[PDB]
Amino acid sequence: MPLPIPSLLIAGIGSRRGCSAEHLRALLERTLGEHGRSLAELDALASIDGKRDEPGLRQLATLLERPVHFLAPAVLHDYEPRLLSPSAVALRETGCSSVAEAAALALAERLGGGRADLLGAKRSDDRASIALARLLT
């Protein structure tokens, strides 16, 4: 009996200082809606670990009752070659050319144990970026 899928869906988030839970949640909702996915289907949120706290992301994780994992800059860098939206601010600050895309892939593959795929390029506004990754199966 092959169980194909714990089908896994992860949202990677990169955000500017101060970005609210409500802002993030609205961007997240629109991003999921583009791909015909619902908040209810997310398994976890991912972002980059650093010193700065982001109360907005922790609050969003509490709203969703789902975890947020913060991943080492070094782990995210491993995903540079597979990113869809190679960036500046990001690359400058974090060494990583898209925090949202890298963190979504990196977490999906870590929780899921095989190859992950982005659903599309990240969606960004002035304050935050969201990317979605799933298990290649």
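Don't overthink the numbering: it's just position in the shown sequence, from 1.
Look at the mean CA B-factor for 102 to 110 and for 86 to 94 in the entry; the higher one is 86 to 94. Taking only CA atoms, the mean B-factor in the PDB entry is higher for 118 to 126 than for the other of 118 to 126 and 20 to 28. Per the PDB record, residue ranking by Cα B-factor puts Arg37 in the middle third of the chain. When all modelled residues of the chain are sorted by CA temperature factor, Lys51 is found within the highest third.
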